[PDB]
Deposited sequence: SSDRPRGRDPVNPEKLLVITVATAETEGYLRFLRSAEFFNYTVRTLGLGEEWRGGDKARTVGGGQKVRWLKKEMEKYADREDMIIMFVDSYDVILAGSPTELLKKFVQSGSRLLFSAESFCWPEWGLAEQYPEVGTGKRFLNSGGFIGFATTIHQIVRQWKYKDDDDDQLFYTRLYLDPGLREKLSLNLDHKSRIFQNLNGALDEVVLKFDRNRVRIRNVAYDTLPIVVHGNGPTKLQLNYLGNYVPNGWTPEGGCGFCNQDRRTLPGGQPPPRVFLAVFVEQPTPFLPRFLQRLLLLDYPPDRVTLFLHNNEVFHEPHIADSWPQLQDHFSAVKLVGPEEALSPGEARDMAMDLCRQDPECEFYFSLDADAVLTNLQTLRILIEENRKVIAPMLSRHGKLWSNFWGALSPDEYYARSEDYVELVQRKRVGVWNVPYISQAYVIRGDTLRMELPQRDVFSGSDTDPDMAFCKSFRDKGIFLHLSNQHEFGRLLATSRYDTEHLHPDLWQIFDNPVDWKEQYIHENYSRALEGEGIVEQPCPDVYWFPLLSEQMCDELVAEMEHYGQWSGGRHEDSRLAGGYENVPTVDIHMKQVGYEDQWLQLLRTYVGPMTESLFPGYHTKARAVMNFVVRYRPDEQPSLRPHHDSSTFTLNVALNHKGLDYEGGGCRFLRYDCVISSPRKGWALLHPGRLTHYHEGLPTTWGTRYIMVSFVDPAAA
């Protein structure tokens, strides 16, 4: 039973990169003893991601092994550190080594790298990996010393060719009892084996299983082009995220805060921008510590920015606008904003936020800064859909791909802080990282590749992790896909594409409370109910849209009213059809009036059909009143669109059979009365100003 106190892990690492630190945490979880060679030095092993190299690893190890040249009592395992995580204990590792009968076991690989023509020389293996991989091997210290002694080559020569050449010596391979871990009992190299590796869960720990060989490896090596697959596994293995404990490295549970450069990007016509700009004033972070940069690409949004700009300038420490007349492409804009932060040593954190990100959590900035990562994004999704501001995986093209755990994360079945290949629309970046690790200006620009992808790739190429937190509800993403800008108030037409935001801007703030009892709804006259439905902004924009159409009814015009004997009872009005708002208004009816009606009239059901939908204008100079009549409806909805007193005098609705009068309508509130038989009614004369109302004859 070999003693774990005699096992030493040796690894190489010239800097404490996020991968190195991920490795160490996995080593410390199992209580391994880790010696790290090279930590302050310059890497001379060549660009291992483009070419061969790594001989410097062998030189440093050879020098370290001279201490242990005679230590037959010591087992040593050498592993890479930037792309390796440990998944099993020293005890299990040692038992498995001993079972191999080997004196120095190398990991095995599907590819014969870097000289593919050496494959013939290798021994035959039935089903396991055939070839040697230098990223991981374990053996007696005396045997390892005898191998690494023979290093006498350049720092930029290939370490794995060196070991392969020695392994392919039949006399040497037998003298020293050298072996390869063909069936991945100990070492799992991913390159060429992705289809064989799955996560194996436990209550408080995760590891990996090779389903081809039915093994539980100890060492997971994301060798070659599998770093992102290793990134994926390292979110779980060994104690990343677990069924019972959750995430293991996040906070879980949440005097001057760091100065922040906040950069906002308006790169396409985007709905509800006035609302977004107003949210900036509400972000819970001291505004004297925030510098605002706003890039607007859209002349459509210039009035919006202008209205908001005085309040922003008074709010934040400093503000800078870059408008459309500057002709910047989105890539150049984002380079410029990031570089303003990079070049200012007082910029401790850089926070990029696009205009289609709705931050519902006003503490997002604090939360992300406290997470203490180089780069981190809050998870934002489109309402009720899977689409989000991150990708879990990449295609070989390096385009979008759905990771095996994407849906669980978007649905927040698994919450934590995830290492992912792509983030967008909102993220926070350390100022130090921009200065020390990505000093180039051309981060988003440079190739014909999309800027958002180029940015992520820029960070991946430096080995910087991209973190994504779904630990909290942070907000959502607006649909901007087909946003029709040819209206006086385009956001009035957003009831389909952005219904959550549409409701919050146009439905009365006390509507939902009214629909749940609470004694808001009123019944001023028998079977006439009165409730808040439309927000003041909705009334104002709707009136303005009607006046902008300008073509009100006149003589010869006919409505669906019933008075006396086949009389015609018209109003000066505009029907929703004429302005192109029928479909939107029916959606309102379906969603907000239908349910209100069934609640106030128990027993009644409706799908809210209405062929007659129109806005009425009363004035002393044209048609000031509406004579007694019935409506061609099962029930009628009558919504006040302006203020009695401020905008008009007189007016109001009278119900003759009940000698009951609605003398003082409320802007945004609706009347709901039966349309036939019982509620013969009259619109009293408007005596001054202009009185606007919205009328729907539903279920005719």
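- Task: Could you please spell out the deposited residue ranges that have no C-alpha entry in the coordinates?
- Result: Those stretches are 1 to 9, 264 to 269, 716 to 718, listed in order.
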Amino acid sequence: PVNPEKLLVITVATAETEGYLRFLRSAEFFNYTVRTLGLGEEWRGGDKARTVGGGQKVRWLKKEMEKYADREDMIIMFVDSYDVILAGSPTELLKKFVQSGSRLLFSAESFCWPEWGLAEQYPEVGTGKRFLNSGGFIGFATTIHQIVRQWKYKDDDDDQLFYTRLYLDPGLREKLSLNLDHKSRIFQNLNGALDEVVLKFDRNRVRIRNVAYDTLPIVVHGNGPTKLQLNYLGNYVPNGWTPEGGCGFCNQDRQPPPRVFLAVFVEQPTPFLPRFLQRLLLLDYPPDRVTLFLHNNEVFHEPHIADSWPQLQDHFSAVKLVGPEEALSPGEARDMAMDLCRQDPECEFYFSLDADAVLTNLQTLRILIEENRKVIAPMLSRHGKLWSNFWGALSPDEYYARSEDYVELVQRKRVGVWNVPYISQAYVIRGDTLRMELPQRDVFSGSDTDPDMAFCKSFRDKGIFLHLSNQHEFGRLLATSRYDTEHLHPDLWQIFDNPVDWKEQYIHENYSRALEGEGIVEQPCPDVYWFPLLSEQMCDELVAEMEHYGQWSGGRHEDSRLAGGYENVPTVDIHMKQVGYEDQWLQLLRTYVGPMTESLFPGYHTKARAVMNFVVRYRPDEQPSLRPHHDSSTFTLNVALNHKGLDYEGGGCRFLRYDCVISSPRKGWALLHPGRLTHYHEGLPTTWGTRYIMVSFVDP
From here on, numbers count along this sequence of modelled residues.
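Think of the rigid core as the biggest set of C-alphas that the two forms share within 1.5 Å after superposition.
- Find the stretch among 373 to 381 and 147 to 155 with the larger RMS C-alpha deviation in 5 other deposited structures of this protein, all structures being superposed on the shown form by the rigid core. After the core superposition, the stretch with higher RMS deviation in 5 other deposited structures of this protein is 147 to 155.
- Query: in 5 other deposited structures of this protein, superposed on the rigid core, which stretch sits farther off in Cα RMS terms, 392 to 400 or 87 to 95?
  - Reply: Between 392 to 400 and 87 to 95, the one lying farther away in 5 other deposited structures of this protein is 392 to 400.
- Query: Would residue 555 be found without coordinates in at least a third of the other compared entries?
  - Reply: Residue status for residue 555: gap in at least one third of the other entries.
- Item | Other entries lacking residue 225, at least a third | In all of the other entries, residue 225 has coordinates.
- Item | Mean C-alpha temperature factor, higher of 496 to 504 and 617 to 625 | Higher mean C-alpha B-factor in the PDB entry: 617 to 625.
- Query: Looking only at CA atoms, which has the higher mean B factor in the entry: 25 to 33 or 663 to 671?
  - Reply: It is 663 to 671 that shows the higher mean C-alpha B-factor.
- Query: Out of 128, 439, 310, 286, which shows the largest CA B-factor listed in the entry?
  - Reply: Among 128, 439, 310, 286, the highest C-alpha B-factor in the entry belongs to 310.
- Query: When you compare the CA B-factors of 234, 258, 345, 565 as listed in the entry, which one comes out on top?
  - Reply: Largest recorded C-alpha B-factor: 565.
- Message: Using the temperature factors of the C-alpha atoms in this entry, rank residue 48 within its chain: lowest, middle or highest third.
- Response: For residue 48, the deposited C-alpha B-factor lands in the highest third.
- Message: Based on the deposited C-alpha B factors for this chain, I'd like to know if residue 431 is in the lowest, middle or highest third.
- Response: Ranked within chain, residue 431 CA B lands in the lowest tercile.
- Item | Modelled-residue ranking by C-alpha temperature factor, third containing residue 531 | For residue 531, the deposited C-alpha B-factor lands in the middle third.
- Would you mind ranking residue 464 by its C-alpha B-factor against the rest of the chain and naming the third, lowest, middle or highest? Bottom third by C-alpha B-factor.
- Message: Per the entry's values, where does residue 66 land by CA temperature factor relative to the rest of its chain, in the lowest, middle or highest third?
- Response: Within its chain, residue 66 is a middle-third residue by C-alpha B-factor, going by the deposited values.
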